[PDB]
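Undergrad: mind folding the following:
(chains A and B)
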Amino acid sequence: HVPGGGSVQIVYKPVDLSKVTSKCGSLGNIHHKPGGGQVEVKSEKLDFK
Amino acid sequence: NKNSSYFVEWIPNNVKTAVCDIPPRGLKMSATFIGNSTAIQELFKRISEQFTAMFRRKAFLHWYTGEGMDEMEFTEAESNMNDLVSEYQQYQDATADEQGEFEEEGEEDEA
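TA: Numbers count the residues shown, from 1 in each chain, chains lettered A, B, ... in the order given. For reference, the structure is listed below:
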């Protein structure tokens, strides 16, 4: 007679991470509009015919 | 006349006066001072550096666009503000110097 059993195997799945996006707001915007254009407002026309 | 580096000269004399008979409670005399000076632009600059530090990362912004607001609305906004700091920079140290337009007209010279 061969005496019974004496054999198991481990309940084991290794852990890892997939498709974890680096979605931080650290560079979250790029858009700009200038603070108006350059103009002259200080001078008269002096249009005395 | 004693602090002239504290006033603009291309806008003559800077003040409107009014003289009311009636002081406040409990008091012989008083006055309010109100004024705009080229100093003030630091408020607008301050708000703008502090806003840009949020908006460059959309930080806190989700509360704003949460009520149906569009990111371009704050782009049109901030550019209106930087145009305002540009306006006090147009008027900061602006020259009170004279100007003219001249006839390009000569003489028979003998002197």
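Undergrad: show me what contacts whatever residue of chain A ends up closest to chain B?
TA: Closest approach between chain A and chain B, counting by CB to the nearest CB: residue A:35, at 2.6 Å. To be clear about C-beta, it is placed using only N, CA and C from the backbone, and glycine gets the same treatment. Shown in contact with residue A:35 (CB atoms under 8 Å, 6 or more residues apart in numbering or on different chains): B:79, B:81-83, B:85-86.
Undergrad: how close does the spatially closest residue to it that is not a sequence neighbour sit to residue A:36?
TA: Take residue A:35 and drop its neighbours on the chain: the residue closest to it by CB to CB, 6 or more residues apart in numbering or on different chains is residue B:82, 2.6 Å away. Residue B:82 sits at a distance of 7 Å from residue A:36 (criterion: CB to CB, to the nearest Å).
Undergrad: which of the residues in stretch B:5-24 are buried?
TA: Neighbour-count burial for stretch B:5-24 flags residue B:8 (criterion: 16 or more other CB atoms under 10 Å in any protein chain shown).
Undergrad: drop anything exposed from the contacts of residue A:35.
TA: B:82, B:85-86.
Undergrad: in strands, which of the residues you listed fall?
TA: Of the buried ones among the contacts of residue A:35, none are assigned to strands by DSSP state E.
Undergrad: about what we covered before: ok, which pair from the contacts of residue A:35 is furthest apart?
TA: Greatest spatial distance in the contacts of residue A:35: B:79 and B:85, 10.9 Å, computed using CB to CB.
Undergrad: now, the buried ones among the contacts of residue A:35 that are in helices?
TA: When DSSP state H is applied, these are split such that B:82, B:85-86 fall in helices.
Undergrad: I am finished for the moment; much appreciated.
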